[PDB]
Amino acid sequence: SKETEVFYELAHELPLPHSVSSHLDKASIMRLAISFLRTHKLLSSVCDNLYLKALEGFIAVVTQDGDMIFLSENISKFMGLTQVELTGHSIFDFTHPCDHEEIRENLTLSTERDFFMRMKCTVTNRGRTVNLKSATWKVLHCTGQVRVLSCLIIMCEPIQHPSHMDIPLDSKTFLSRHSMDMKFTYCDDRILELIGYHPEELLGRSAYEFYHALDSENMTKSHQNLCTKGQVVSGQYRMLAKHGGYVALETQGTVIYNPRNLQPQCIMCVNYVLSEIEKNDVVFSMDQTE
């Protein structure tokens, strides 16, 4: 009796709604309390519905042995799992095992970090929610710093699935569809006005034909990442425009699987042009001569 009192005390003195703080078992009150203290601790070393709502991802801080000592509130809006559920638990218990090693390397030891990691997701496309066994894997783009006992402070953005777009799109982005040999099976039609290519010309051409050579290596790794994990965001890179010169693009890509066959059909690319044509004096390629 006399401890149940002080457990409800601590709970309602956690930074929580009276609502959610009532419901906690004691192991959770331990976890959350400890994570809160740990977290405050890291904060001293470093130094809302707006920021939270304007983010397209969640913030998380993970110790070097993998403990997830803080997860921003809105994580549920993207993974379905909640701050109360996961706080204090290992990142490795909620990520794809074939990513665990990469995660390990990124928790460890320049301070900048950027990778992709598959994490369990229990919210469904459009609204609904499932149970932890019915969990899908979702790829997250993680960028932050490792920092000093060591922590990893990252922002994790889901990569919007191109079939399911909550988010609108401007004139300066266009879609493209590729064979798994990265050929052009379909391309949007603003590609002309933005770069000058007609879709016909591109089809059955390997995207490698249009990379600035200085990019190609970077691009292949992105591709390999895309195939290991299922989504990816490229770094920025320049596509050879048609009449000489080039443009700064940045593409996010998705393999799409055959839902009946269960094999993968192709790759959907959403392509963000970041510039006009640059250096159209210069002809880099054979295409830009004709």
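Note that residue numbering follows the sequence shown and begins at 1.
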| note | residue 47 to residue 48: deposited residues not modelled, binned count -> 10 or more
| said: Neighbours in the displayed sequence, residue 109 and residue 110 may still hide a gap; how many deposited residues lack coordinates there, none, 1 to 3, 4 to 9, or 10 or more? | reply: 10 or more
| Of 24-32 and 223-231, the one with larger mean CA B-factor | 24-32
| query | As stated in the PDB record, which stretch has the larger average Cα B-factor, 7-15 or 270-278? | reply | 7-15
| remark: Per the deposited B-factor column, the C-alpha that peaks among 95, 176, 218, 134 belongs to 134
| task | Can you pull the Cα B-factors for 196, 144, 158, 204 from the entry and say which is highest? | result | 204
| Of the three thirds of its chain by CA temperature factor, lowest, middle or highest, which one includes residue 238? | lowest
| note | Chain thirds by Cα B factor, record data; residue 74 belongs to the middle
| Chain-wide C-alpha B factor ranking for residue 262, given as lowest, middle or highest third | highest
| Split the chain's modelled residues into thirds by Cα B-factor; is residue 56 in the lowest, middle or highest one? | middle
| note | Temperature factor at the Cα of residue 65, chain-ranked in thirds, falls in the highest
